[PDB]
Amino acid sequence: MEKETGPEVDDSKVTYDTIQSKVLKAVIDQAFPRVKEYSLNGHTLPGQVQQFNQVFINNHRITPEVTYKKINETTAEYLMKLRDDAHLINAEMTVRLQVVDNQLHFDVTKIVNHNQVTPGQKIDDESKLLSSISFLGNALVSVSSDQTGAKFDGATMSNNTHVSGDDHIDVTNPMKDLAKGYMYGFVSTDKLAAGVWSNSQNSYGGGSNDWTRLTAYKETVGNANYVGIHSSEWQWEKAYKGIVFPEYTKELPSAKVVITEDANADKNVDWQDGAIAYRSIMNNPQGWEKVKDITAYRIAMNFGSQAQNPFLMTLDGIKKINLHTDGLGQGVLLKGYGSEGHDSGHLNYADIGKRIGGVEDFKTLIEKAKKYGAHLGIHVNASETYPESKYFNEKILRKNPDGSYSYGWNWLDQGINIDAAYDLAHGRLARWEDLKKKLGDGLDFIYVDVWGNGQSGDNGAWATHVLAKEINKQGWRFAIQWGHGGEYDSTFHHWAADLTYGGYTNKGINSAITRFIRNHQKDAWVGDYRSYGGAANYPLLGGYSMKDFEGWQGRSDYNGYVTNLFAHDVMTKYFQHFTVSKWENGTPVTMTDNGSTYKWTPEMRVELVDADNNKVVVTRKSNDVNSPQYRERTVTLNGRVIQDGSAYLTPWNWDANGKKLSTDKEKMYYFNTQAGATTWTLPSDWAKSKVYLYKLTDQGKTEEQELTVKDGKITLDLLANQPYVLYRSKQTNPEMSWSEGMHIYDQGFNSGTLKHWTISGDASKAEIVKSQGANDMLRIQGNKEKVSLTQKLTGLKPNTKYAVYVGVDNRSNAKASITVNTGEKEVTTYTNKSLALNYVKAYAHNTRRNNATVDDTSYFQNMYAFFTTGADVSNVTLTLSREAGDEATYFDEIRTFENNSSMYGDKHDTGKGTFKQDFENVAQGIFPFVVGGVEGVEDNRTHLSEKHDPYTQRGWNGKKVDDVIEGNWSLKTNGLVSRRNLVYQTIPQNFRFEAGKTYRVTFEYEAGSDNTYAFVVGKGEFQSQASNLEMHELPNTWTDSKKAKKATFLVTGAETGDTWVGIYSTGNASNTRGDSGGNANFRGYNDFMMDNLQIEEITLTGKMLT
Ligand SMILES: CC(=O)N[C@@H]1[C@@H](O[C@@H]2O[C@H](CO)[C@H](O)[C@H](O)[C@H]2O)[C@@H](O)[C@@H](CO)O[C@@H]1O
Ligand SMILES: [Ca+2]
Ligand SMILES: [Ca+2]
Ligand SMILES: [Ca+2]
Ligand SMILES: [Mn+2]
């Protein structure tokens, strides 16, 4: 390429003025808000050196009519009249340029559109809107190839671990052309660096073209090439289908430049100095301050009406983690906080799940969690909904160009995507407001799932900023699913934080420039996941690694959760307590993974600092990618080694909420992924102190040991993959008030003792034991007389109807019971040997081997008693008992909660009399049934369906069957046809068909096809050696009927006491009647619904005999 030339600059017709602070002077054109040049400490950076007195309004070129006024020494103002009759533009905008110390601020302070526009109302011609304002062509700052050290550095979005989003371009003549959008951009000489911020929500496309709030352009002027950074175009008045968006969607255009000399004392001026200075002018995502202290993120899941994780139970998990981490901060995403759980009832944000304890228990959870530094978030959806939801309406649904529905997720029900632009234009904001009104204060984050994938249409930068602003206005922090989503406002990205998702192309933001700037403000980065290579092969700053134990994707591994916190997250979060100050790359390495051999340039040393001038230096141990030392670092704090390779001994000076600790509470954490002794130099304020070591378990600080300090050093030779904490004085573990608000002490057997129970019988026969998943449970075995454990149920309301259950897995034939005595009445329920395996994937005691009870299985099922308090609640007792037997019964999770069912002879309490289930007041699950093994351990596709006429009922969009038969609720199974397996069954603890007694079982049902589902009678444990079943295939209910059909069956209890009834998915093919895809799922061909179950003990007389 040959040396380039362009027009020189003739400014004979230009009048300049100057504005200046004490440190920065800007030469500005009086004709147009353009900075020609900046001066700071005798050094200069050009701005826009060639006049370009045009703007683009609604993508039309306009020569503005400008009047100028210098307001004060630092500030000038321009009134800019905009007229283009042919394109219906008639407007004016006021712009101010203002110097603030070493910053230049560009603000559009006022916009007047002379066309009549009313936010929220119809507009007959959208071209009358003033929708976009572009000052492209006027660089806010630049650098010339004639200047020494001229360079440009910019970041674009990349989520591919192999591909950096950053460009580093020497500004030379000649050079390659440049006309490209960027998220962050810096120009620098060897004397000055500048960074540019804009609130522009411009996009030039997806991927690396998105979030492009800046545009960099090469311009040749005389004999020099300039690279300038421009703000990308801004948005203003916008509409959807002629309906103008609300006023809050309009944000006045703003951009800033900051100019700096050396800012990290390395005696070089480059983009890193610009990036440090940039933190003073940049947007900061709301709630970012919290991020550095949220060390323990995880999901607590509810799903399908099951109430796997009641709000008050999550508080006990928080307490376990508080103990085990010695008071690290936590963030629990409640996936299923609403409606019947996860993926139920979307859009009705205020519909807080009733079966998990409703708004009352959610408020208690939020309030009580504060002292443990545990922040709650909720999973919501702004992209699709289901007929059941209050907000399902034809008007909100997304339709394809051909008129068909844009079908969304199908799982419990078939959802339809919504049109998010329509939604914004029609009151979306009020749904968030309703949630805030109901829930009140203290919720931390809203996690918006899906958004960013286009299901609901445009989910790009502008639309996401609007959505985030609605959420932030309620006081909530914004979080999203995708690595590329919400770059401007998000503080957490599930696909960045869960390293296992999506593979190497779908992870966090692969940009050193971006991470340098924002590492401390969000979990949005590339974490350590060696099999993805590139940036993910041992990032020096770590990167959040999220695991779970409360049911998300069937995750139950508590111990693995805690070890992962210490293996990845403690040091990740430690670094977020500082800001990056220096970043040094090494030489390129060659890697091979994921089907490619590629070059990657790794970071070798990163320095960070805090406001107290602490200095942290993180160094990769080798640049050799085939050496084990490539995946090792040293970390020093003010020169003192706190990590080397597999081990760290790290100070931690912040409480769970991030507040500075008192001197006597300052501590150090030790963790080593390998066996072996390590030696550490203590800091001066520890070196002459006594030092105590504690092993951290789910019981808190254990195995106190005073350490020997020699020559101001300690040596630690402790268990691998095990957290320890050190203090300078003896520490104890606090009272945890286990299960507060749940009416019983320690419902999950987490407190390491049974002393709060009154035990009747031989106490040696009752012990707390660990399941195969390390879940603590009460075990009773080997007892020759009854053993009982009793507590008072405390804090109950007088004259109130309640349910209580205990999870029970009984391996003995002996009677295992739950008994409530209210002071005025006693009720009891029992099980002999359990006969139904647990198939609820989000439930901690499902039958997956790694959270099995014992012998690789789990038969846990909730065993209920229903009772009513009298006038006095000072002596209500709960007793768990086990009659004589050799084998074990396991109990866990005692939940006592208000419930208004009337199942027993039309009365609430456990008692005699006809059994009826109208599904209108179910405590949880699908009682008296429990989900069967049709889908194995699954987020089971059977749940309680909720009525929303007409959408859930026959006739809407051709629906063949009602989701709900009578009242507001039925028992629905979605599409589980042709499976040859049991969908659900009664179990004797829920309903016992007594030996030799005969019952009439009646229910009403919908079935979308003939003989796809069958009513079945079984006994004992079902085996799919397949079990004998009495089989009654059921006809469809709509081809020859306008409503649900009634079915009636006689069932005699087997002498073994283990008879049950259920619904079975046959081997027959269903019939979708020529429909396919979403229509076929929606319309219910493959569905089964039950309601109005009745089971009545009868004596066979007269014609019953036939
Ligand atoms: C990975 C993730 O968050 N995916 C979302 C889906 O989540 C799935 O939800 C179903 C139940 O509906 C089940 O629990 C799966 O295990 C879980 O991965 C789902 O919420 C959809 C809804 O459109 O969004 C994501 O794909
Ligand atoms: Ca520097
Ligand atoms: Ca437990
Ligand atoms: Ca009903
Ligand atoms: Mn439903």
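No value in this document is a laboratory result; all are computed from the given coordinates. In this analysis, Cβ positions are derived from the backbone assuming ideal geometry, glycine residues included, and neighbour counts consider all displayed protein chains.
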Checklist entry - Alpha carbon centre of the range 170-193 versus the range 665-691: separation in Å? => result 46 Å
Checklist entry - Picking from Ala350, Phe566, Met1104, whose Cα lies most toward the positive end of the charge dipole for the chain (charges on Cβ: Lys, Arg +1; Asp, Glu -1)? => result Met1104
Item to check | the chain, dipole about Cα centre (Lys/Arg Cβ +1, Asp/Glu Cβ -1), debye to the nearest 20 | outcome: 1180 debye
Item to check | Distance between the range 501-527 and the range 883-921 - C-alpha centres, whole angstrom | outcome: 50 Å
Checklist outcome for this item: The answer for trypsin sites (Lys or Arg not before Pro) in the range 232-284 that fall in a DSSP coil and have at most 10 neighbouring Cβ atoms within 10 Å is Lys241, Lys267
Checklist outcome for this item: Taking a straight Cα-to-Cα line shorter than 17 Å from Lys660, and setting aside same-chain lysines fewer than 8 residues away, one finds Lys290, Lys292, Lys370, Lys371, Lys573
Checklist entry - So what is the 222 nm mean residue ellipticity for the chain from helices alone, if each DSSP H run of at least 4 adds -39500 (n - 2.57) and you divide by all residues, rounding to the nearest 500 deg cm²/dmol? => result -2500 deg cm²/dmol
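Return a whole-number percent for the relative contact order of the range 96-135, with Cα pairs under 8 Å and 6 or more residues apart as the contact set. Walk me through the numbers before you get to the answer.
Numbers: 21 pairs, mean separation 10.3, N = 40.
For the range 96-135, the relative contact order is 26 percent.
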Checklist entry - Using modelled backbone amide H atoms (1.01 Å from N, in-plane), which distant-in-sequence or interchain residues come within less than 5 Å of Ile356's amide H? => result none
Item to check | Unit charges at the beta carbon, dipole of the chain: most positive-side option, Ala844, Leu541, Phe478 | outcome: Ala844
Item to check | Alpha carbon centroid spacing (whole Å) that separates the range 785-801 from the range 1048-1106 | outcome: 37 Å
Next on the checklist: Which of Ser788, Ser689, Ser232 has the fewest other C-beta atoms within 10 Å, and how do the rest follow up to the most?
Outcome noted: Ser689, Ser788, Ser232
Next on the checklist: Limiting things to C-alpha atoms, what are the Rg and the maximum Cα-Cα separation (Dmax) for the range 142-277, in angstroms?
Outcome noted: 16.8, 57
Checklist outcome for this item: Non-local residues with an amide H under 5 Å from the amide H of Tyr182, with H modelled 1.01 Å from N and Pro and chain starts lacking one, are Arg213, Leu214, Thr215, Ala216
Checklist outcome for this item: Expected vector for the range 235-242, Karplus 3J(HN,Hα) from phi with 6.51, -1.76, 1.60 and θ = phi - 60°, integer Hz, x for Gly and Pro, equals 9, 9, 7, 9, 9, 10, 6, x
Checklist entry - Normalised by the residues of the range 579-735, what does the relative contact order come to in percent, with Cα pairs under 8 Å and at least six apart? => result 15 percent
Next on the checklist: Can you return the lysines within cross-link range of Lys70? Criterion is Cα-Cα under 29 Å, with same-chain partners fewer than 8 residues away left out.
Outcome noted: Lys13, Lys22, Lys25, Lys36, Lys81, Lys110, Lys250, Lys256
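When only C-alpha pairs under 8 Å and at least 6 residues apart count, what is the relative contact order of the range 736-898, in percent? Intermediate results must be reported in sequence, preceding the final value.
Working: 424 pairs, mean separation 55.3, N = 163.
Contact order relative to length: 34 percent.
Go through 996-1002, 553-559 and give me the packing order, highest mean Cβ count within 10 Å leading. List each step's numbers first, then the result.
Working: 996-1002: 16.1, 553-559: 18.9.
Going by the mean number of other Cβ atoms within 10 Å, highest first, we get 553-559, 996-1002.
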Checklist entry - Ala888's amide H: which non-local residues (gap 5+, or another chain) put their own amide H closer than 5 Å, with H modeled 1.01 Å from N in plane and none for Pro or chain starts? => result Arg811, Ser812
Checklist outcome for this item: Karplus-derived 3J(HN,Hα) from phi for the range 262-268 (6.51 cos²θ - 1.76 cosθ + 1.60, θ = phi - 60°), whole Hz, x at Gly and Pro, runs 3, 10, 10, 6, 9, 6, 10
Next on the checklist: In whole Å, what are the extents of the chain along the principal axes defined by its C-alpha atoms, from largest to smallest?
Outcome noted: 115, 82, 59
Checklist entry - Applying the Karplus parametrisation 6.51 cos²θ - 1.76 cosθ + 1.60 with θ = phi - 60° to the phi angles of the range 383-398, what ³J(HN,Hα) value in whole Hz is obtained for each residue in order, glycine and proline being reported as x? => result 10, 7, 8, 10, x, 4, 5, 3, 8, 6, 7, 3, 5, 8, 6, 6
Checklist entry - Which of the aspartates and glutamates could be linked to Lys320 by a straight reach, that is with a Cα gap under 13 Å, when you skip same-chain ones fewer than 8 residues away? => result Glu550, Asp698, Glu735, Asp746, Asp776
